[PDB]
Every structure is written in C-alpha cells, then in structure tokens.
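Engineer: Structure supplied as structure10.txt; contents: compact mmCIF, N, CA and C atoms.
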# COMPACT_ATOMS: atom_id res chain seq x y z
N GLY G 1 5.93 115.00 119.79
CA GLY G 1 4.58 114.98 119.26
C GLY G 1 3.58 114.43 120.25
N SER G 2 3.01 113.27 119.94
CA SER G 2 2.02 112.64 120.81
C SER G 2 1.95 111.14 120.55
N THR G 3 2.85 110.39 121.17
CA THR G 3 2.89 108.94 121.00
C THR G 3 1.79 108.26 121.82
N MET G 4 0.86 107.62 121.12
CA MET G 4 -0.25 106.93 121.78
C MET G 4 -1.18 107.93 122.46
N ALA G 5 -2.47 107.58 122.51
CA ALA G 5 -3.46 108.45 123.13
C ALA G 5 -3.44 108.31 124.65
N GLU G 6 -2.52 109.02 125.29
CA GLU G 6 -2.39 108.97 126.74
C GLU G 6 -1.70 110.23 127.27
N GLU G 7 -2.51 111.24 127.60
CA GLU G 7 -1.98 112.50 128.11
C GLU G 7 -2.86 113.04 129.24
N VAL G 8 -3.36 112.13 130.08
CA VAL G 8 -4.21 112.52 131.19
C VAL G 8 -4.04 111.56 132.37
N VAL G 9 -3.73 112.12 133.53
CA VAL G 9 -3.54 111.31 134.74
C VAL G 9 -4.41 111.82 135.88
N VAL G 10 -4.91 110.89 136.69
CA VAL G 10 -5.76 111.25 137.82
C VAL G 10 -5.27 110.58 139.11
N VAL G 11 -5.39 111.30 140.22
CA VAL G 11 -4.96 110.79 141.51
C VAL G 11 -6.15 110.33 142.34
N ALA G 12 -5.96 109.26 143.10
CA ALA G 12 -7.01 108.72 143.95
C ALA G 12 -6.96 109.32 145.35
N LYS G 13 -8.13 109.67 145.88
CA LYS G 13 -8.22 110.26 147.21
C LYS G 13 -8.52 109.20 148.26
N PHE G 14 -9.29 108.18 147.86
CA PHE G 14 -9.65 107.10 148.77
C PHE G 14 -9.27 105.75 148.18
N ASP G 15 -9.66 104.68 148.87
CA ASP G 15 -9.36 103.33 148.41
C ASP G 15 -10.61 102.65 147.86
N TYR G 16 -10.42 101.80 146.85
CA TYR G 16 -11.53 101.09 146.23
C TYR G 16 -11.08 99.73 145.71
N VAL G 17 -12.00 98.76 145.72
CA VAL G 17 -11.70 97.42 145.25
C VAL G 17 -12.42 97.12 143.94
N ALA G 18 -11.67 97.07 142.85
CA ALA G 18 -12.24 96.79 141.54
C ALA G 18 -13.26 95.66 141.62
N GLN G 19 -14.52 96.03 141.83
CA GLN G 19 -15.59 95.04 141.92
C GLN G 19 -15.43 93.96 140.87
N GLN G 20 -15.58 94.34 139.60
CA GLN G 20 -15.45 93.39 138.50
C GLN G 20 -13.99 93.15 138.16
N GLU G 21 -13.70 91.98 137.59
CA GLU G 21 -12.34 91.62 137.23
C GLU G 21 -11.80 92.57 136.16
N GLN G 22 -12.70 93.25 135.47
CA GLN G 22 -12.32 94.19 134.43
C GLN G 22 -11.85 95.51 135.02
N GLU G 23 -12.39 95.86 136.19
CA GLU G 23 -12.04 97.10 136.86
C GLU G 23 -10.65 97.00 137.48
N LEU G 24 -10.04 98.15 137.75
CA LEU G 24 -8.70 98.19 138.34
C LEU G 24 -8.76 98.69 139.78
N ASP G 25 -7.99 98.05 140.65
CA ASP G 25 -7.96 98.43 142.06
C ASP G 25 -7.19 99.74 142.25
N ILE G 26 -7.66 100.56 143.19
CA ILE G 26 -7.02 101.84 143.46
C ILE G 26 -6.50 101.89 144.90
N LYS G 27 -5.88 103.01 145.25
CA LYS G 27 -5.33 103.19 146.59
C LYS G 27 -5.31 104.67 146.98
N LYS G 28 -5.56 104.95 148.25
CA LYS G 28 -5.56 106.32 148.74
C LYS G 28 -4.23 107.00 148.46
N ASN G 29 -4.27 108.07 147.66
CA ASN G 29 -3.06 108.81 147.31
C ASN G 29 -2.28 108.09 146.21
N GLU G 30 -3.01 107.47 145.29
CA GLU G 30 -2.38 106.74 144.19
C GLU G 30 -2.64 107.45 142.86
N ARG G 31 -1.56 107.75 142.14
CA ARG G 31 -1.67 108.42 140.85
C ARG G 31 -1.88 107.41 139.73
N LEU G 32 -3.09 107.40 139.17
CA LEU G 32 -3.43 106.49 138.09
C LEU G 32 -3.43 107.22 136.74
N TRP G 33 -2.89 106.56 135.72
CA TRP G 33 -2.83 107.14 134.39
C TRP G 33 -4.12 106.86 133.62
N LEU G 34 -4.86 107.92 133.30
CA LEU G 34 -6.11 107.79 132.57
C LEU G 34 -5.85 107.44 131.11
N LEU G 35 -6.45 106.35 130.65
CA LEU G 35 -6.28 105.91 129.27
C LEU G 35 -7.51 106.24 128.44
N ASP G 36 -8.66 105.69 128.84
CA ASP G 36 -9.91 105.94 128.14
C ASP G 36 -10.96 106.51 129.08
N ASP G 37 -11.33 107.76 128.86
CA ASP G 37 -12.33 108.43 129.69
C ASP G 37 -13.55 108.83 128.86
N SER G 38 -14.04 107.89 128.05
CA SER G 38 -15.20 108.15 127.21
C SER G 38 -16.44 107.45 127.76
N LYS G 39 -16.27 106.19 128.16
CA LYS G 39 -17.38 105.41 128.71
C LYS G 39 -17.67 105.82 130.15
N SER G 40 -18.89 105.56 130.60
CA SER G 40 -19.30 105.91 131.95
C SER G 40 -18.14 105.72 132.93
N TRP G 41 -17.45 104.59 132.81
CA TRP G 41 -16.32 104.28 133.68
C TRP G 41 -15.02 104.80 133.08
N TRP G 42 -14.22 105.47 133.90
CA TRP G 42 -12.94 106.01 133.45
C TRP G 42 -11.84 104.96 133.54
N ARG G 43 -11.32 104.55 132.38
CA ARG G 43 -10.27 103.55 132.33
C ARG G 43 -8.91 104.17 132.65
N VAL G 44 -8.23 103.62 133.65
CA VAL G 44 -6.92 104.12 134.06
C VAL G 44 -5.90 102.99 134.12
N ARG G 45 -4.64 103.36 134.33
CA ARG G 45 -3.56 102.38 134.41
C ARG G 45 -2.83 102.49 135.74
N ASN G 46 -2.28 101.37 136.21
CA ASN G 46 -1.55 101.34 137.47
C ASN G 46 -0.05 101.14 137.23
N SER G 47 0.75 101.41 138.25
CA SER G 47 2.20 101.27 138.15
C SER G 47 2.57 99.83 137.81
N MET G 48 1.64 98.91 138.03
CA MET G 48 1.87 97.50 137.74
C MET G 48 1.63 97.20 136.27
N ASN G 49 1.45 98.25 135.47
CA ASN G 49 1.20 98.09 134.05
C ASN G 49 -0.21 97.59 133.79
N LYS G 50 -0.95 97.32 134.86
CA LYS G 50 -2.32 96.84 134.75
C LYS G 50 -3.27 97.98 134.40
N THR G 51 -4.41 97.64 133.81
CA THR G 51 -5.40 98.63 133.42
C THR G 51 -6.81 98.14 133.71
N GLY G 52 -7.73 99.07 133.92
CA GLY G 52 -9.11 98.71 134.19
C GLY G 52 -10.03 99.92 134.26
N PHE G 53 -11.33 99.66 134.30
CA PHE G 53 -12.31 100.74 134.36
C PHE G 53 -12.67 101.07 135.81
N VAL G 54 -12.59 102.35 136.15
CA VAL G 54 -12.90 102.80 137.50
C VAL G 54 -13.76 104.06 137.48
N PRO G 55 -14.60 104.22 138.51
CA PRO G 55 -15.49 105.38 138.64
C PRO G 55 -14.72 106.67 138.93
N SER G 56 -15.33 107.80 138.59
CA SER G 56 -14.70 109.10 138.82
C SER G 56 -15.06 109.65 140.19
N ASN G 57 -15.18 108.75 141.17
CA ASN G 57 -15.52 109.15 142.53
C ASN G 57 -14.30 109.07 143.44
N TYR G 58 -13.43 108.10 143.17
CA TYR G 58 -12.22 107.91 143.97
C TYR G 58 -10.99 108.35 143.19
N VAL G 59 -11.18 109.26 142.24
CA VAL G 59 -10.08 109.77 141.42
C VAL G 59 -10.36 111.19 140.96
N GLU G 60 -9.34 111.83 140.40
CA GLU G 60 -9.47 113.20 139.91
C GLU G 60 -8.31 113.56 138.97
N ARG G 61 -8.65 114.12 137.82
CA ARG G 61 -7.65 114.50 136.83
C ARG G 61 -6.73 115.58 137.39
N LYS G 62 -5.45 115.50 137.04
CA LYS G 62 -4.46 116.46 137.51
C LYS G 62 -4.00 117.36 136.36
N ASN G 63 -2.91 118.09 136.60
CA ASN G 63 -2.37 118.99 135.58
C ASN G 63 -3.16 120.29 135.52
N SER G 64 -3.81 120.64 136.63
CA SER G 64 -4.61 121.85 136.70
C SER G 64 -3.74 123.09 136.48
N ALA G 65 -4.38 124.25 136.40
CA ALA G 65 -3.67 125.50 136.19
C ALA G 65 -3.81 126.42 137.40
N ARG G 66 -3.63 127.72 137.18
CA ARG G 66 -3.73 128.70 138.26
C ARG G 66 -4.96 128.43 139.12
N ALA G 67 -4.82 128.64 140.43
CA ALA G 67 -5.92 128.42 141.36
C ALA G 67 -7.08 129.35 141.06
N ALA G 68 -6.79 130.64 140.91
CA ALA G 68 -7.81 131.63 140.61
C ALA G 68 -8.60 131.25 139.37
N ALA G 69 -7.90 131.10 138.25
CA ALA G 69 -8.54 130.74 136.99
C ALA G 69 -8.76 129.23 136.90
N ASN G 70 -10.01 128.83 136.75
CA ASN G 70 -10.36 127.41 136.65
C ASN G 70 -11.13 127.13 135.37
N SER G 71 -10.40 126.91 134.28
CA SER G 71 -11.01 126.63 132.99
C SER G 71 -12.31 127.42 132.82
N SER G 72 -12.18 128.67 132.40
CA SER G 72 -13.34 129.54 132.21
C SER G 72 -12.93 130.88 131.61
Please express the file's structure as structure tokens.

Structural biologist:
Amino acid sequence: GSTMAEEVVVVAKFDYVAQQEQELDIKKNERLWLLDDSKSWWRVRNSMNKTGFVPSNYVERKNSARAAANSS
C-alpha cells in the first residue's frame, strides 16, 4: 500500500550548508529523501536519519520517465 507519506526522493547536484539549525546539510551527488514539499522550503531526509528544510536549487526529484516524454 503506502506506509507513511514518503514516496519522493531528490538528488543533490552541489553542496550546501544548512544555514539554519532547522535546515539539513547536503552534499554533491547525495540522494535525499523528500518528506514535505509543500512549504517554500523542501523538507528532505539524510542517511543519518536526520531531516530538515532545504531549497530546490541544490536538489532535484528523481524517478523520472522516458526521456522523450516529460510529463505532458
């Protein structure tokens, strides 16, 4: 079925330092699990079980489909 609201993951292209203590630190080529993507800041999770809000500039949702067809 669908245990817990978590079915979206995004990978980081560059590195970033969670400015605020609430934000989560990222790393170049790091796959972060998106938890809450409703607020301006996209909340993701790290392999360390840690979570925080991060911008959609150093990350990108995965699980895309055919190259030719791009959601349209």

Engineer: Which value, in Å to one decimal, gives the distance between atom N of residue 8 of chain G and atom C of residue 34 of chain G?

Structural biologist: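 Answer for the atom N of residue 8 of chain G to atom C of residue 34 of chain G separation: 5.4 Å.
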
Engineer: Determine the nearest neighbour of residue 24 of chain G from the options G:3, G:51, G:71, G:38, counting only N, CA and C atoms.

Structural biologist: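 Of the candidates, the smallest distance to residue 24 of chain G is held by G:51.
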
Engineer: Applying 7 Å and only N, CA and C atoms, which residues near residue 53 of chain G remain after dropping the ones on its own chain fewer than 5 positions away? List them as a PDB file with N, CA and C atoms, in the frame of the given file.

Structural biologist:
ATOM      1  N   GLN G  22     -12.700  93.250 135.470  1.00  0.00           N
ATOM      2  CA  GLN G  22     -12.320  94.190 134.430  1.00  0.00           C
ATOM      3  C   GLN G  22     -11.850  95.510 135.020  1.00  0.00           C
ATOM      4  N   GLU G  23     -12.390  95.860 136.190  1.00  0.00           N
ATOM      5  CA  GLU G  23     -12.040  97.100 136.860  1.00  0.00           C
ATOM      6  C   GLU G  23     -10.650  97.000 137.480  1.00  0.00           C
ATOM      7  N   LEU G  24     -10.040  98.150 137.750  1.00  0.00           N
ATOM      8  CA  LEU G  24      -8.700  98.190 138.340  1.00  0.00           C
ATOM      9  C   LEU G  24      -8.760  98.690 139.780  1.00  0.00           C
ATOM     10  N   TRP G  41     -17.450 104.590 132.810  1.00  0.00           N
ATOM     11  CA  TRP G  41     -16.320 104.280 133.680  1.00  0.00           C
ATOM     12  C   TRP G  41     -15.020 104.800 133.080  1.00  0.00           C
ATOM     13  N   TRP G  42     -14.220 105.470 133.900  1.00  0.00           N
ATOM     14  CA  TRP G  42     -12.940 106.010 133.450  1.00  0.00           C
ATOM     15  C   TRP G  42     -11.840 104.960 133.540  1.00  0.00           C
ATOM     16  N   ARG G  43     -11.320 104.550 132.380  1.00  0.00           N
ATOM     17  CA  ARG G  43     -10.270 103.550 132.330  1.00  0.00           C
ATOM     18  C   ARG G  43      -8.910 104.170 132.650  1.00  0.00           C
ATOM     19  N   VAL G  44      -8.230 103.620 133.650  1.00  0.00           N
ATOM     20  CA  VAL G  44      -6.920 104.120 134.060  1.00  0.00           C
ATOM     21  C   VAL G  44      -5.900 102.990 134.120  1.00  0.00           C
TER      22      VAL G  44
END

Engineer: In Å, with one decimal, what is the gap from atom CA of residue 69 of chain G to atom N of residue 54 of chain G?

Structural biologist: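 Atom N of residue 54 of chain G lies 28.7 Å from atom CA of residue 69 of chain G.
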
Engineer: Please indicate the distance in Å from atom C of residue 63 of chain G to atom CA of residue 36 of chain G, rounded to one decimal place.

Structural biologist: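 If I compute the distance from atom C of residue 63 of chain G to atom CA of residue 36 of chain G, I get 17.5 Å.
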
Engineer: Pull the neighbourhood of (-1.3, 109.3, 123.8) for me: all residues within 8 Å in file coordinates, counting only C-alpha atoms, as a PyMOL selection string.

Structural biologist: chain G and resi 2-7

Engineer: Can you work out which one of G:1, G:72, G:13, G:37 has the shortest atom-to-atom distance to residue 58 of chain G, counting all atoms listed in the file?

Structural biologist: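 Nearest to residue 58 of chain G: G:13.
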
Engineer: Which is closest to residue 35 of chain G among G:49, G:57, G:70, G:64, if we use only C-alpha atoms?

Structural biologist: G:49

Engineer: With all atoms listed in the file as the basis for distance, which of G:11, G:59, G:33, G:28 is at the shortest distance from residue 47 of chain G?

Structural biologist: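 Closest residue, counting all atoms listed in the file: G:33.
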
Engineer: Counting only C-alpha atoms, figure out which residue out of G:10, G:25, G:68, G:16 gets nearest to residue 52 of chain G.

Structural biologist: G:25
